[PDB]
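# What the coordinates show
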Amino acid sequence: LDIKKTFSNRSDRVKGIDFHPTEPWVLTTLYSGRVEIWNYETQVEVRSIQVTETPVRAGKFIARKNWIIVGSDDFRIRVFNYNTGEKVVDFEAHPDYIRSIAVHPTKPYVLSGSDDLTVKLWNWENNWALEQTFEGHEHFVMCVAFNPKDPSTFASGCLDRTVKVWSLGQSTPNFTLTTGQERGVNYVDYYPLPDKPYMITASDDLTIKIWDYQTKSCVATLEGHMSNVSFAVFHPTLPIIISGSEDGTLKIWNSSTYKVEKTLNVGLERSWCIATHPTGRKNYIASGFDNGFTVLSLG
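Residues numbered from 1 in each chain as written, not as in the entry; some residues may be left out. Heavy atoms only, no water.

Attention shifts here to the state of the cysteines. What is meant by a disulfide is a covalent connection between two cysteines, made through their sulfur atoms. Considering all chains together, one arrives at zero disulfides under this definition. Free of any disulfide, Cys143 has its nearest neighbouring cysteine sulfur in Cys158, separated by 11 Å. Looking at the unpaired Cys218, the closest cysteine sulfur is the one in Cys143, lying at 18 Å. Here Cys218 falls in the partly exposed class, since its relative accessible area comes to 31%. (Disulfide = S-S within 2.5 Å. Buried < 20%, exposed > 50% of the residue type's maximum accessible area, 1.4 Å probe, protein only.)

Membership of the largest hydrophobic core comes to 41 residues, with the highest contact counts inside it found for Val163, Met199, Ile210 and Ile241. If you tally residues by element for this core, the top one is strand 22 (residues 229–234), at five residues. (Core = buried A, V, L, I, M, F, W, Y, C linked by side-chain atoms within 4.5 Å. Helix = DSSP H or I, 4+ residues; strand = E, 2+ residues; numbered from the N terminus.)

Time to look at the pairing of strand 8 (residues 76–81). Looking down a regular strand, the side chains alternate between one sheet face and the other. With five of six residues buried, strand 8 lies mostly within the body of the structure. Bridge count between strand 7 (residues 67–72) and strand 8: five bridges; the pairing is antiparallel. Note on strand 8: the bridge partner recorded for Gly71 is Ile77. The hairpin turn running from strand 7 into strand 8, its antiparallel successor, is three residues long, and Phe75 in that turn takes a positive phi close to 85°. With antiparallel pairing between neighbouring strands as the criterion, strand 8 and strand 9 (residues 87–92) make up a hairpin whose turn holds five residues, including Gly85 at a positive phi of roughly 75°. (Pairing = 2+ DSSP bridges.)

For the structure on display, the rule yields ten salt bridges. Its salt-bridge partner being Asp74, residue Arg78 comes within 3.0 Å of it at the nearest N-O pair. A relative accessible area of 21% places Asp74 in the partly exposed class. A salt bridge links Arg78 to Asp90; the nearest nitrogen and oxygen atoms lie 3.0 Å apart. Remark: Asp90 occurs in strand 9 and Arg78 occurs in strand 8; sequence separation between them is twelve residues. By relative accessible area, which is 8% here, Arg78 ends up buried. Several salt bridges share partner residues, and in doing so they unite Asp74, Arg76, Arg78, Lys87 and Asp90 into one network. (Salt bridge = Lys/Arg side-chain N within 4 Å of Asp/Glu carboxyl O.)

Moving on, we come to the sheet that holds strand 14 (residues 141–147). The antiparallel open sheet is built from four strands, whose spatial order is 14-15-16-17. The open sheet is flanked by strand 14 and strand 17 (175–178), the only strands paired with a single partner. For this sheet, the mean angle separating the axes of adjacent strands, direction not counted, is 20°. (Axes fitted to C-alpha atoms, helices over the stretch in contact; angles between N-to-C directions.)

Taking the UniProt record as the reference, the feature "repeat: WD" (unreviewed entry) is found at residues 7–48, 91–132, 134–176, 194–221 and 222–263. The span residues 91–132 is 0% helix and 55% strand, and its two end C-alpha atoms sit 16 Å from each other. A helix fraction of 0% and a strand fraction of 55% characterise residues 222–263, whose end C-alpha atoms lie 13 Å from each other. (UniProt positions renumbered as here; feature names shortened; annotations may be inferred.)

Note: most peptide bonds trans; most residues except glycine with negative phi. Notably, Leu117 is not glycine yet its phi reads approximately 80°, a positive angle. In this structure, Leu117 sits in the loop between strand 11 (109–114) and strand 12 (119–123). Residue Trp128 is not a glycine yet carries a positive backbone phi of 65°. Relative to the helices and strands, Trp128 is located in the loop between strand 12 and strand 13 (129–134). By relative accessible area, which is 7% here, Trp128 ends up buried.

Next up on the list: the packing of aromatic side chains. Within this structure, the stated rule accounts for 21 aromatic pairs. Seen in terms of ring centroids, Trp38 and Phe293 are 6.5 Å apart; in terms of plane orientation they differ by 55°. Their pairing is tilted. In this pair, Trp38 sits in strand 4 (residues 34–39) while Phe293 sits in strand 28 (residues 292–297), placing the two residues 255 residues apart along the sequence. Taking 6.4 Å as the distance between ring centres and 35° as the angle between the ring planes, the aromatic pair formed by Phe91 and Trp128 counts as tilted. Of this pair, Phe91 sits in strand 9 while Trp128 is found in the loop between strand 12 and strand 13, placing the two residues 37 residues apart along the sequence. An aromatic cluster is built from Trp67, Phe91, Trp122, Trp124 and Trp128, whose rings are joined through pairwise contacts. Its guanidinium or amino end placed over the ring of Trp67, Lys65 lies 5.7 Å from that ring's centre, counting from NZ or CZ. The ring of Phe175 carries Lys216 above its face, with NZ or CZ at 4.1 Å from the centroid. (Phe/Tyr/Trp six-rings, centres within 6.5 Å; stacked < 30°, edge-to-face > 60°. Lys NZ or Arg CZ within 6 Å of the ring centre and 35° of its normal.)

Printed below as a string of structure tokens:
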């Protein structure tokens, strides 16, 4: 782990973060209602937008459309062209907070997960129409993720202590995984490679759990965080897991042995959100915190 501090910035709390797949940019979504796009190589802001006066809780690039899509605590999804700043659409997505946004890799679909207990699917080639509401969870939906190996399916992690895996076009989940994470699931992420049908969940109960979604077994429990675990993800190109917590740390874990490799306190207080460069450029990761964000090259 030959970690380089590529770029960091002090700001209001960073609730969402995302890498652009080809330009040297990260998107951050802030508690102040602003979003920022930063060039982490030149360390210069590309663009920023005052989206709203409420927190912007989730944001993603849609690179093939030159857009960012963001969701905020005023209950709205907004889409902007990141080259001009033009607002492409603005609509009320849910009657409560938007926790998570996922963008389908090949079809014009976005998912939003909400405190309204649902996931909603919006189709940008049908004028951002709502096309499906996935119902069945019994608490706030904290995180949505397409299966990269089969994006006709996706997982939702919920404070009801479950992950539900759904098929587009089907109203009942394919299955529900009961995590035993009694304080709920804050995050879910899929392992990207074909050799293991695995996913990972993070919880306020201080645990991270790896799951085989075919057998439903808990493969491993990663213990060590001392407060709520905000996220845990598999790195796209290195055999590691990255987690972050309200304990203020990031942890890097070996994804073969499930042992901790390094714990970092980057000095920005609580950690809230994570992104990884999608093709492993410089093995970059980025995390948003109470006091700003950092971009690290892991080696």
